[PDB]
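Working notes, structure below.
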Amino acid sequence: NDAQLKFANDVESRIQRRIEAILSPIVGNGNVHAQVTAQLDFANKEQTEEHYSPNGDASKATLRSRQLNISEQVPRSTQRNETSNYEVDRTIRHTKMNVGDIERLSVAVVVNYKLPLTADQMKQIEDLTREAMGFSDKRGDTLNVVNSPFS
Amino acid sequence: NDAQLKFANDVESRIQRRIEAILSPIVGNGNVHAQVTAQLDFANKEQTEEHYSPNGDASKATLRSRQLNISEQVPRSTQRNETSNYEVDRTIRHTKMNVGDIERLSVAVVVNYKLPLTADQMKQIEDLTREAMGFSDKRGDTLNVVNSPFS
Amino acid sequence: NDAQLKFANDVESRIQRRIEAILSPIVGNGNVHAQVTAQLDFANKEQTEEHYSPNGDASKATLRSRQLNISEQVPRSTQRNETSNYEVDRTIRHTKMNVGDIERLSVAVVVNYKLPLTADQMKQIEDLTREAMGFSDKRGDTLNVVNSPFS
Amino acid sequence: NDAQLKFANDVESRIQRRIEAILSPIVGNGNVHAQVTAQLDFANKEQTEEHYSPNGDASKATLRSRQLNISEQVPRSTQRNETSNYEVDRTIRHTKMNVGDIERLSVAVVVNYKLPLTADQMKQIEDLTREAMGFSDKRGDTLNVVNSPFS
Amino acid sequence: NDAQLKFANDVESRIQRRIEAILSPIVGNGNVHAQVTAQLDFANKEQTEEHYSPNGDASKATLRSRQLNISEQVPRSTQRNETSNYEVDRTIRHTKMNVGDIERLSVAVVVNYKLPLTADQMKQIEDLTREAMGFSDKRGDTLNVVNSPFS
Numbered sequence: 231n232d233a234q235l236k237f238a239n240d241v242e243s244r245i246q247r248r249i250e251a252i253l254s255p256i257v258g259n260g261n262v263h264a265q266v267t268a269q270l271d272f273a274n275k276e277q278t279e280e281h282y283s284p285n286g287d288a289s290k291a292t293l294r295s296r297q298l299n300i301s302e303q304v355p356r357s358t359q360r361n362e363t364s365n366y367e368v369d370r371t372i373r374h375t376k377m378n379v380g381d382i383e384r385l386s387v388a389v390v391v392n393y394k402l403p404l405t406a407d408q409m410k411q412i413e414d415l416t417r418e419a420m421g422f423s424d425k426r427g428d429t430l431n432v433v434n435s436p437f438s
Numbered sequence: 231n232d233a234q235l236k237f238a239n240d241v242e243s244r245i246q247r248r249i250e251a252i253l254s255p256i257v258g259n260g261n262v263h264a265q266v267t268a269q270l271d272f273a274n275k276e277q278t279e280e281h282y283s284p285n286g287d288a289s290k291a292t293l294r295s296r297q298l299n300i301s302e303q304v355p356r357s358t359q360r361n362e363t364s365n366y367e368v369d370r371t372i373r374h375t376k377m378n379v380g381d382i383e384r385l386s387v388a389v390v391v392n393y394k402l403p404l405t406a407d408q409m410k411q412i413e414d415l416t417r418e419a420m421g422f423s424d425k426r427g428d429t430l431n432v433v434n435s436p437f438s
Numbered sequence: 231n232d233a234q235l236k237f238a239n240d241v242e243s244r245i246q247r248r249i250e251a252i253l254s255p256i257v258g259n260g261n262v263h264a265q266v267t268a269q270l271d272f273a274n275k276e277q278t279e280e281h282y283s284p285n286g287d288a289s290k291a292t293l294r295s296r297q298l299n300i301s302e303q304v355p356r357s358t359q360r361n362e363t364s365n366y367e368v369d370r371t372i373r374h375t376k377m378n379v380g381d382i383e384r385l386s387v388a389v390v391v392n393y394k402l403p404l405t406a407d408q409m410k411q412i413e414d415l416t417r418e419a420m421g422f423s424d425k426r427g428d429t430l431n432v433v434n435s436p437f438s
Numbered sequence: 231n232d233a234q235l236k237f238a239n240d241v242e243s244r245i246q247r248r249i250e251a252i253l254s255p256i257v258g259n260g261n262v263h264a265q266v267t268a269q270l271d272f273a274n275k276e277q278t279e280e281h282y283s284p285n286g287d288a289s290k291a292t293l294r295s296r297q298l299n300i301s302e303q304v355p356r357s358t359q360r361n362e363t364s365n366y367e368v369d370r371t372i373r374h375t376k377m378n379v380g381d382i383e384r385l386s387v388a389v390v391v392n393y394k402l403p404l405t406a407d408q409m410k411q412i413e414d415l416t417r418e419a420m421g422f423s424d425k426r427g428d429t430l431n432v433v434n435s436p437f438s
Numbered sequence: 231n232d233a234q235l236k237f238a239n240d241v242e243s244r245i246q247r248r249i250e251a252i253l254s255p256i257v258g259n260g261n262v263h264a265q266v267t268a269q270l271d272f273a274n275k276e277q278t279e280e281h282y283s284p285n286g287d288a289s290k291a292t293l294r295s296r297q298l299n300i301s302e303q304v355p356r357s358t359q360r361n362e363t364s365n366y367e368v369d370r371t372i373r374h375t376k377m378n379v380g381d382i383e384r385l386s387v388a389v390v391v392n393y394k402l403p404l405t406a407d408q409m410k411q412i413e414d415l416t417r418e419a420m421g422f423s424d425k426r427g428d429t430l431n432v433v434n435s436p437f438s
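Chains as they are written, first to last, in the deposited numbering: chain J, 231 to 304, 355 to 394, 402 to 438; chain I, 231 to 304, 355 to 394, 402 to 438; chain H, 231 to 304, 355 to 394, 402 to 438; chain K, 231 to 304, 355 to 394, 402 to 438; chain L, 231 to 304, 355 to 394, 402 to 438.
Here it is, written out as structure tokens:
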């Protein structure tokens, strides 16, 4: 039950090593630190969709029987019985979702001075980090990069 | 049953080490302390949703039979029997939620003086810490950072 | 059956060590004492919700059959039988709540003099302690901090 | 359960080696770095489509029986019973999807200076990298190439 | 489960060796590099079509019985019962698709200078590579050839 903590530390070490080894070429070998807080999903979570295609349209129905009596007298006392049996296009996914996905990432990046870095270089550094995390606004990952003199 | 206390201490040690090793570059090697109080959920908690898609709309129903008699005399003594059988798109999630999530985080950060730190630096330090915890206003995590001379 | 007393003493020792090691940087190494009285819930307490989604709205019902006869003569002696069978979205949580939660916390904090401490420093010390306990007005935790010369 | 992390590191090492060994001819042996963040799908995920071809059109139906009584008196009290049985063209795919696909790729490319590289060379380098990843806007792969002097 | 990565590397090595050993005669023994990113389909995927030929046309039906009563009185109170039984031409394919097809190819080709190569030679080199991959716009294979001085 501490294996989960070891595992999340492994994931954060991977992404942290990645950001450091991708941004070390630009800023310097030791002028950058990153600590990534990965919240991981450890819920066992199956799922079983079962979709059917709507066969409401008679031009894409698929009958198997059709017993269609049409009486008609003429006091136009008509009639129209109409049985049917259809066949249905049925998809059945049976997912057994993963134990250990990343629900969300949080990355904090500090980059040393040189003199404050230029704004364009800051934008492109943010973009590199955004690609190195695997940033996904779907998961709501949040990245914060700052430049401030070290000590 | 003390394994839970050891486990929560492990989680708080991880997040505390994280905040210290992310903010140590800026403020100094020992000019920051953080103690994180993690309340963890240890309830066994399964769950079994079972959703069905509304097949009220005849254009997305999926019949399997339809026995549709329509008598009509003319004293317009009509009639319209209409049996049906449908087929339904049925999802079945079976979650077995995790034992040891973080229900909420509480972080207290103290940062040493230098002379009181500037307000902009304080904002950016708060943001770094907010990313290092994995701050989520969903869980109602609460962070409090203060700057005050040590002893 | 004394394991419960050992356990509650463990929890109070953790939170007390936490408050002491978070406020020791500010006030001094030995100018603060805290004794935390944790009332813990040791009741075995399961739970089994079982929610259903209201399928009163015909636009989100999910039929499985519908046998809908509509006779009508004209003395407008009408009729409308209307059977139905529905399918229902059914969630089933099966919680087995924890044995050893904290029902409530009570923290008493004494901080030594220096000359009485300033009021702003007192507010921020109260806030640090409030975060270090894991204060939750939901549990009705109560914190009382006082400054008064030691002996 | 760490085999997944080893596996994803393997995939990223393959694609990173590929980009480096395809762009090393142009920019130089060590004037390029690439770190590829591959998010992999590890869900067990079966699937069973079952399509039927619409036999609504009588010119492409395939009867097996047809009991077609047509009474007619002349007060033109006609009648037309018409049973049927059809046969249906039924496809049955049974996929057992892969464990370890790439849901998405993220590539960050840094290329050293020479003097900033020309824009046309930058476009063609981006295109080479786009082919070396196996870029697919279907998966939403994201590539970011930048040129900036190393250190 | 790493056998898939070894296998895809094998396929890419085959196609890369092929492009190199087909274009080496023209451009030179070492004036060309190619790295081919093959995305392979590893899904188990069966399939079972079952087609029937439409026997709607009476001139290509194939009866097995036909019980065809035709009463007729003359008040022309006619009648025409007409049973039938047909026989149907039924094809049954049972595919068990391959594990390891190439869903898509991506080829990046770099060719050294000599002075930039002529445009006609570039077109014919692109065509040779297009044949050496086994280019198929059905799979959406993508090829990108560029000429740029090496280093």
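Beta carbons are placed, not taken as given, at the ideal position from N, Cα and C, and that holds for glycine.
Contact set between residue i and chain K, taken where Cβ atoms lie within less than 7 Å
i: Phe272 (chain L); result: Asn378
Cutoff 8 Å; reference residue i; Cβ partners in own chain excluding five residues on either side
i: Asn299 (chain K); result: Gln359, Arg360, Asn361, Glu362
i: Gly258 (chain I); result: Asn392
i: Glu250 (chain K); result: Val262, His263, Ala264
CB contact check: residue i to chain K, cutoff 8 Å
i: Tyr366 (chain L); result: yes
Contact set between residue i and chain K, taken where Cβ atoms lie within less than 8 Å
i: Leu385 (chain J); result: Within chain K, no residue comes near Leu385 (chain J); the closest Cβ sits about 10 Å away, beyond 8 Å.
i: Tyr282 (chain L); result: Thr292, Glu367, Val368, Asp369
i: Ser289 (chain L); result: Those do not exist, as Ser289 (chain L) stays about 12 Å from chain K at its closest Cβ, beyond 8 Å.
Own chain, CB closer than 6 Å to residue i, minus 5 neighbours either side, in chain order
i: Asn392 (chain K); result: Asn261, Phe437
i: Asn431 (chain L); result: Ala388
i: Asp232 (chain H); result: none
i: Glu413 (chain K); result: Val432
i: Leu404 (chain J); result: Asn434
Span of the beta strand (DSSP E), counted from its first residue to its last, around residue i
i: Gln269 (chain K); result: 262 to 271
i: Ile412 (chain H); result: Segment 406 to 420 is the alpha helix (DSSP H) holding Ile412 (chain H); no beta strand (DSSP E) there.
i: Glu242 (chain H); result: Note, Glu242 (chain H): premise wrong, no beta strand (DSSP E); alpha helix (DSSP H) at 233 to 257.
i: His374 (chain J); result: 374 to 376
i: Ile382 (chain I); result: 381 to 391
i: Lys425 (chain L); result: Unbroken run through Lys425 (chain L): none, as it is neither H nor E.
i: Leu293 (chain L); result: 293 to 295
i: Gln277 (chain J); result: 274 to 277
8 Å Cβ cut-off: residues of chain J touching residue i
i: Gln246 (chain K); result: Simply none; closest approach about 10 Å.
Boundaries of the alpha helix (DSSP H) in which residue i is found, first to last residue
i: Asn434 (chain I); result: Not the alpha helix (DSSP H): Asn434 (chain I) falls in the beta strand (DSSP E), residues 429 to 434.
Under 7 Å by beta carbon: chain I residues contacting residue i
i: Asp232 (chain J); result: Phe237, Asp240
Proximity test, Cβ basis, 8 Å: residue i and chain J
i: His263 (chain I); result: no
i: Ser357 (chain K); result: yes
Neighbour list for residue i in chain H, Cβ cutoff strictly below 8 Å
i: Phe437 (chain I); result: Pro255, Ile256
Proximal chain J residues relative to residue i, where beta-carbon distance stays under 7 Å
i: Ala388 (chain K); result: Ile252, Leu415, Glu418, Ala419
i: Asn285 (chain K); result: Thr292, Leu293
Closer than 9 Å at the beta carbon, the chain J residues around residue i
i: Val391 (chain I); result: The premise fails here: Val391 (chain I) is roughly 12 Å from chain J at the closest Cβ pair, so nothing lies under 9 Å.
i: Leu298 (chain I); result: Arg360, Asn361, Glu362, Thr363, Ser364
i: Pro403 (chain K); result: Within chain J, no residue comes near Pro403 (chain K); the closest Cβ sits about 12 Å away, beyond 9 Å.
i: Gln277 (chain K); result: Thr371, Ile372, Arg373, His374
Minimum Cβ-Cβ distance from residue i to chain I less than 8 Å
i: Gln269 (chain H); result: no
i: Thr429 (chain H); result: no
i: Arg373 (chain H); result: yes
Own chain residues within Cβ distance below 7 Å of residue i, not counting five before or after
i: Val379 (chain I); result: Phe272, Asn274
i: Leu293 (chain L); result: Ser364, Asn365, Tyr366
i: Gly427 (chain L); result: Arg384
i: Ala291 (chain I); result: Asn285, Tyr366
Any chain L beta carbon closer than 8 Å to residue i
i: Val304 (chain K); result: yes
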